[PDB]
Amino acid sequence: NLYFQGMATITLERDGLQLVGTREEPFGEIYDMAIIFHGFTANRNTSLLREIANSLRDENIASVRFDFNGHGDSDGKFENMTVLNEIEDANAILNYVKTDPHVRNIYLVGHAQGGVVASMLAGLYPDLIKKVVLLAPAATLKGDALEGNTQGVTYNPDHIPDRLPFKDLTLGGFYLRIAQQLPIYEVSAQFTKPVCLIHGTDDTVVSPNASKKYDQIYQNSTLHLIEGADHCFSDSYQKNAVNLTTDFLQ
């Protein structure tokens, strides 16, 4: 604001769970604010999200970034996380942002599964959200779950198990049952204001086809396929994601 600029930790509550977040506060009495959502098994402080928040702050756009339930410093077992309860987390975050007297326009920025959270939240609040940026939005998590193949781990999609060991973690069967019937594009398409879609051509985790499909469904979208970039826009590719996001939001 006019007096404090910098970072601050903030905590919010959603159903008895504490969500831990970082606010980047810019100069100015009035500013726009982005809510930035991390991906599946990630957290609020990846290099990609920190560099996005820093870049927005340099253009006087505030941001908040929270750990979802089951991730980072927030409460809840990973096994009990779904995309649905992350959308519930995102709504709790939005409640906090929309009541802040400094905030002019609200933007959503979401990476990978956080992009599905962002796109569906904007579709639920198309009257409120002003712009959305999706980075490799993981809409394929639905098709994956219907196929019975989630990042190399296979199961019977007709009889999903109670829980699914997944790397060092345990993925909830209810995550997958939700994923199969999530109305990702139906809800997302209700947002008719500007959307920026950014996807790397060498993304091996989520096909760039997800972003091509969003670009089809959205009334006002711009698609940027980043030649050579991977799922996390790592290393040499990271500034493509940071620049496009910053330029789009202003």
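The first residue of the shown sequence is 1; numbering continues from there.
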Practice problem: Would you determine, from the values in the PDB entry, which of 105-113 and 140-148 has the greater average C-alpha temperature factor? | Solution: 140-148
Quiz item: Got a sec? Mean C-alpha B-factor, which is higher, 6-14 or 236-244?
Solution: 6-14
Quiz item: Say you rank 67, 58, 186, 32 by Cα B-factor from the PDB entry; which sits at the top?
Solution: 58
Quiz item: When you compare the CA B-factors of 180, 119, 154, 85 as listed in the entry, which one comes out on top?
Solution: 154
Self-check item: residue 192, C-alpha B-factor rank within chain (lowest, middle or highest third)
Solution: lowest
Quiz item: Against its chain's modelled residues, does residue 128's Cα B factor rank lowest, middle or highest third?
Solution: middle
Practice problem: Could you tell me which third, lowest, middle or highest, the C-alpha B-factor of residue 42 occupies within its chain? | Solution: highest
Quiz item: Considering only modelled residues of the same chain, in which third does the CA B-factor of residue 223 rank: lowest, middle or highest?
Solution: middle
Quiz item: Of the three thirds of its chain by CA temperature factor, lowest, middle or highest, which one includes residue 91?
Solution: lowest
